[PDB]
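Chemist: The structure file upload.cif (mmCIF, C-alpha atoms) is provided below.
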```cif
data_my_file
#
loop_
_atom_site.group_PDB
_atom_site.id
_atom_site.type_symbol
_atom_site.label_atom_id
_atom_site.label_comp_id
_atom_site.auth_asym_id
_atom_site.auth_seq_id
_atom_site.Cartn_x
_atom_site.Cartn_y
_atom_site.Cartn_z
ATOM 1 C CA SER A 7 133.026 11.870 91.294
ATOM 2 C CA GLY A 8 136.555 11.144 90.042
ATOM 3 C CA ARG A 9 136.594 9.801 86.530
ATOM 4 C CA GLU A 10 132.969 9.267 85.866
ATOM 5 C CA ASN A 11 132.478 9.883 82.214
ATOM 6 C CA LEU A 12 129.039 11.294 82.096
ATOM 7 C CA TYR A 13 128.080 12.735 78.803
ATOM 8 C CA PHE A 14 127.195 16.246 79.741
ATOM 9 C CA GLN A 15 123.943 17.512 78.441
ATOM 10 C CA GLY A 16 122.041 20.358 79.928
ATOM 11 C CA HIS A 17 118.688 18.940 79.065
ATOM 12 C CA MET A 18 116.386 21.711 80.164
ATOM 13 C CA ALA A 19 115.129 24.840 78.492
ATOM 14 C CA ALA A 20 113.897 26.746 81.558
ATOM 15 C CA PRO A 21 110.510 26.086 83.290
ATOM 16 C CA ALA A 22 109.731 29.757 82.896
ATOM 17 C CA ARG A 23 109.321 31.117 79.424
ATOM 18 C CA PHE A 24 107.941 34.550 80.121
ATOM 19 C CA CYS A 25 108.358 37.128 82.751
ATOM 20 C CA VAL A 26 105.522 39.092 84.228
ATOM 21 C CA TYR A 27 106.407 42.671 85.041
ATOM 22 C CA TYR A 28 104.501 44.672 87.545
ATOM 23 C CA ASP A 29 104.497 48.104 89.079
ATOM 24 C CA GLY A 30 105.171 47.586 92.679
ATOM 25 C CA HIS A 31 106.897 44.953 94.700
ATOM 26 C CA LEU A 32 104.047 44.126 97.019
ATOM 27 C CA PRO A 33 102.295 40.847 95.927
ATOM 28 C CA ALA A 34 98.792 42.284 96.309
ATOM 29 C CA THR A 35 99.266 45.890 95.192
ATOM 30 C CA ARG A 36 101.566 45.214 92.245
ATOM 31 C CA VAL A 37 99.986 46.360 88.999
ATOM 32 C CA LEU A 38 100.406 44.110 85.964
ATOM 33 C CA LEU A 39 102.470 45.866 83.329
ATOM 34 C CA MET A 40 103.230 43.258 80.633
ATOM 35 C CA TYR A 41 104.598 39.879 79.786
ATOM 36 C CA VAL A 42 108.012 39.484 78.220
ATOM 37 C CA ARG A 43 109.374 36.457 76.416
ATOM 38 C CA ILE A 44 112.509 35.033 78.006
ATOM 39 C CA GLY A 45 115.155 35.290 75.403
ATOM 40 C CA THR A 46 114.062 38.675 74.171
ATOM 41 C CA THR A 47 114.212 42.286 75.079
ATOM 42 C CA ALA A 48 111.210 44.426 75.678
ATOM 43 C CA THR A 49 110.395 48.000 76.279
ATOM 44 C CA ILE A 50 108.399 48.456 79.424
ATOM 45 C CA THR A 51 106.867 51.850 79.675
ATOM 46 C CA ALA A 52 105.882 52.895 83.146
ATOM 47 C CA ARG A 53 105.607 56.296 84.819
ATOM 48 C CA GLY A 54 106.428 57.858 81.510
ATOM 49 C CA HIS A 55 109.773 56.092 81.445
ATOM 50 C CA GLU A 56 110.841 53.556 78.885
ATOM 51 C CA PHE A 57 112.845 50.647 80.134
ATOM 52 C CA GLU A 58 114.444 48.453 77.548
ATOM 53 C CA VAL A 59 114.929 45.302 79.512
ATOM 54 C CA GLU A 60 116.239 41.936 78.639
ATOM 55 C CA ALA A 61 114.442 38.881 79.940
ATOM 56 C CA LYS A 62 117.520 36.739 80.050
ATOM 57 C CA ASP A 63 117.164 34.513 83.029
ATOM 58 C CA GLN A 64 114.651 31.921 84.171
ATOM 59 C CA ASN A 65 114.463 33.830 87.462
ATOM 60 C CA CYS A 66 113.399 36.853 85.470
ATOM 61 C CA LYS A 67 116.362 38.714 86.716
ATOM 62 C CA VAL A 68 115.735 41.902 84.851
ATOM 63 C CA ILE A 69 118.826 43.473 83.404
ATOM 64 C CA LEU A 70 118.529 46.322 80.969
ATOM 65 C CA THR A 71 120.341 46.428 77.663
ATOM 66 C CA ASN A 72 123.072 48.794 78.837
ATOM 67 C CA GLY A 73 123.791 46.751 81.923
ATOM 68 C CA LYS A 74 121.432 48.547 84.218
ATOM 69 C CA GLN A 75 119.489 46.944 86.894
ATOM 70 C CA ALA A 76 115.840 47.598 87.189
ATOM 71 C CA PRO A 77 114.097 49.963 89.621
ATOM 72 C CA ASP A 78 112.995 48.410 92.889
ATOM 73 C CA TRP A 79 109.403 49.131 92.042
ATOM 74 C CA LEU A 80 109.751 47.189 88.832
ATOM 75 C CA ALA A 81 108.877 43.645 89.615
ATOM 76 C CA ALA A 82 109.177 40.600 87.492
ATOM 77 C CA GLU A 83 108.011 37.107 88.221
ATOM 78 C CA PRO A 84 109.049 33.998 86.258
ATOM 79 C CA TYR A 85 106.225 32.794 84.103
#
```
Could I get this file's structure written as structure tokens?

Modeler:
Amino acid sequence: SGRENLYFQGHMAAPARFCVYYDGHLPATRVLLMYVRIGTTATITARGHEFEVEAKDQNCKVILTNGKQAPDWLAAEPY
């Protein structure tokens, strides 16, 4: 916009505040695992595996603490 001196302010704090993890990607068959607070890490335990995940994004893009991406069967929906 050229020199339009808008005072920048990202006034939002995400519409999602939790993430709902499920076992399965299919919207009917996906089994509720647990809710995770966006802004924190959580250990999901499924299939005998522990997944330390970080709910970092409002899209509930699940990235694990070592930089791993989540299994395809591990679903997360923005809550």

Chemist: Measure the distance from atom CA of residue A:82 to atom CA of residue A:25 in Å and round it to one decimal.

Modeler: 5.9 Å

Chemist: The PyMOL selection byres ((chain A and resi 50-65) around 9) - which residues does that actually catch in the file I just gave you? List them as number ranges by chain.

Modeler: A: 20-25, 27, 29, 39-40, 42-49, 66-72, 74-76, 80, 82-85

Chemist: Just the number, please: distance in Å from atom CA of residue A:19 to atom CA of residue A:7, one decimal.

Modeler: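 Computing it gives 25.5 Å between the two atoms.
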
Chemist: Tell me which of A:16, A:81, A:73, A:10 sits closest to residue A:35, counting all atoms listed in the file.

Modeler: A:81

Chemist: Which one of A:41, A:28, A:14, A:8 sits closest to residue A:79 if you count only C-alpha atoms?

Modeler: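 Selected residue with least distance to residue A:79: A:28.
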
Chemist: Please write C-alpha atoms of stretch 12-72 of chain A, from the structure given just now, as an mmCIF file, in the first residue's frame.

Modeler:
```cif
data_model
loop_
_atom_site.group_PDB
_atom_site.id
_atom_site.type_symbol
_atom_site.label_atom_id
_atom_site.label_comp_id
_atom_site.auth_asym_id
_atom_site.auth_seq_id
_atom_site.Cartn_x
_atom_site.Cartn_y
_atom_site.Cartn_z
ATOM 1 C CA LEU A 12 -0.508 1.137 9.964
ATOM 2 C CA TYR A 13 0.443 0.260 13.453
ATOM 3 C CA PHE A 14 0.982 -3.432 13.186
ATOM 4 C CA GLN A 15 -0.708 -5.518 15.766
ATOM 5 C CA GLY A 16 -1.493 -9.145 15.363
ATOM 6 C CA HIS A 17 -4.624 -8.986 17.406
ATOM 7 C CA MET A 18 -5.645 -12.610 17.514
ATOM 8 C CA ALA A 19 -4.718 -15.488 19.754
ATOM 9 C CA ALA A 20 -5.897 -18.390 17.578
ATOM 10 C CA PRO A 21 -9.576 -19.534 17.315
ATOM 11 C CA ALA A 22 -8.434 -23.011 18.233
ATOM 12 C CA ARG A 23 -7.006 -23.559 21.659
ATOM 13 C CA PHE A 24 -6.831 -27.318 21.807
ATOM 14 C CA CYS A 25 -6.196 -30.072 19.409
ATOM 15 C CA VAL A 26 -8.149 -33.275 19.333
ATOM 16 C CA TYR A 27 -6.071 -36.307 18.473
ATOM 17 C CA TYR A 28 -7.579 -39.424 17.086
ATOM 18 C CA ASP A 29 -6.542 -42.843 15.917
ATOM 19 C CA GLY A 30 -7.413 -42.971 12.324
ATOM 20 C CA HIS A 31 -7.843 -40.434 9.609
ATOM 21 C CA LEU A 32 -11.347 -41.359 8.583
ATOM 22 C CA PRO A 33 -13.915 -38.865 10.067
ATOM 23 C CA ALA A 34 -16.295 -41.600 11.223
ATOM 24 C CA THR A 35 -13.904 -44.360 12.293
ATOM 25 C CA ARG A 36 -11.326 -42.163 14.013
ATOM 26 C CA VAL A 37 -11.040 -43.031 17.689
ATOM 27 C CA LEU A 38 -10.698 -40.146 20.141
ATOM 28 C CA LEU A 39 -7.321 -40.280 21.833
ATOM 29 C CA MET A 40 -6.974 -37.025 23.815
ATOM 30 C CA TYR A 41 -7.084 -33.284 23.812
ATOM 31 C CA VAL A 42 -3.915 -31.231 23.842
ATOM 32 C CA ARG A 43 -3.553 -27.579 24.739
ATOM 33 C CA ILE A 44 -2.127 -25.466 21.932
ATOM 34 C CA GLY A 45 1.045 -24.046 23.261
ATOM 35 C CA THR A 46 2.076 -27.193 25.051
ATOM 36 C CA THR A 47 3.529 -30.563 24.401
ATOM 37 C CA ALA A 48 1.809 -33.780 25.206
ATOM 38 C CA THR A 49 2.547 -37.420 25.223
ATOM 39 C CA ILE A 50 0.055 -39.349 23.185
ATOM 40 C CA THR A 51 0.234 -43.026 23.799
ATOM 41 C CA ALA A 52 -1.263 -45.162 21.095
ATOM 42 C CA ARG A 53 -0.511 -48.692 19.905
ATOM 43 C CA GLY A 54 1.973 -48.978 22.701
ATOM 44 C CA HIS A 55 3.968 -46.087 21.295
ATOM 45 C CA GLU A 56 4.558 -42.807 23.034
ATOM 46 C CA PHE A 57 4.491 -39.733 20.894
ATOM 47 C CA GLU A 58 5.683 -36.545 22.466
ATOM 48 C CA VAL A 59 4.011 -34.017 20.267
ATOM 49 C CA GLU A 60 3.867 -30.303 20.313
ATOM 50 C CA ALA A 61 0.568 -28.594 19.644
ATOM 51 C CA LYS A 62 2.114 -25.514 18.162
ATOM 52 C CA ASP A 63 -0.175 -24.377 15.437
ATOM 53 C CA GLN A 64 -3.805 -23.321 15.233
ATOM 54 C CA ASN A 65 -4.193 -25.872 12.431
ATOM 55 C CA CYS A 66 -3.048 -28.506 14.880
ATOM 56 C CA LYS A 67 -0.168 -29.302 12.674
ATOM 57 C CA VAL A 68 1.371 -31.941 14.841
ATOM 58 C CA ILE A 69 5.121 -31.792 15.023
ATOM 59 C CA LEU A 70 6.969 -33.866 17.556
ATOM 60 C CA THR A 71 9.616 -32.471 19.852
ATOM 61 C CA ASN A 72 12.556 -33.790 17.838
#
```
